[PDB]
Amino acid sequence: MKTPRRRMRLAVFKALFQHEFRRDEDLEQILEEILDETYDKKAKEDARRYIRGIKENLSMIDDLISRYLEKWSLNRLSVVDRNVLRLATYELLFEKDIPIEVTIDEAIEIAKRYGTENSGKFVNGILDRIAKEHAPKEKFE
């Protein structure tokens, strides 16, 4: 009953999604409502690190994503696409040990989950571009 990476990451995404409608609340507190007995010690630890990392680097993350947007602005994207991009960019830059392909493929899955095939393709395009110019060298192999 190990908690899979996909579920741990989805909890992070759910906290980001919910915060869009609860902007006066701390993203960390929102994550704590989502995390419960169904998540193991490692998944809780990981989700908390992700949420704190995204909160601590939000400006830099948003600014970086925006360098790849033109027709759409980060604020005009849906709550799903904006937060999938934030989550994936954080993971790409800061979670060493996760292959670029895993971050991108899983992020596309979340975008398709709550969006459409077109959402997935859109996300895929932006992330491929961010990864090819910003993936840390530890992920080259």
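All residue numbers are counted from 1 along the displayed sequence. For clarity, a rigid core is taken as the largest C-alpha set superposing within 1.5 Å between two forms.
Displacement analysis by core superposition in 4 other deposited structures of this protein ranks 68 to 76 above the other of 68 to 76 and 83 to 91 in root-mean-square C-alpha distance from the shown form. Larger root-mean-square CA separation from the shown form, computed after a rigid core fit of the structures in 4 other deposited structures of this protein, is seen for 112 to 120 when 31 to 39 is set against 112 to 120.
As listed in the deposited structure, the average C-alpha B-factor of 101 to 109 and of 34 to 42 is greater for 34 to 42. Per-stretch averaging of Cα B factors for 61 to 69 and 82 to 90 places 61 to 69 on top. When the modelled residues of the chain are ordered by their C-alpha B factor, residue 23 lands in the highest third.
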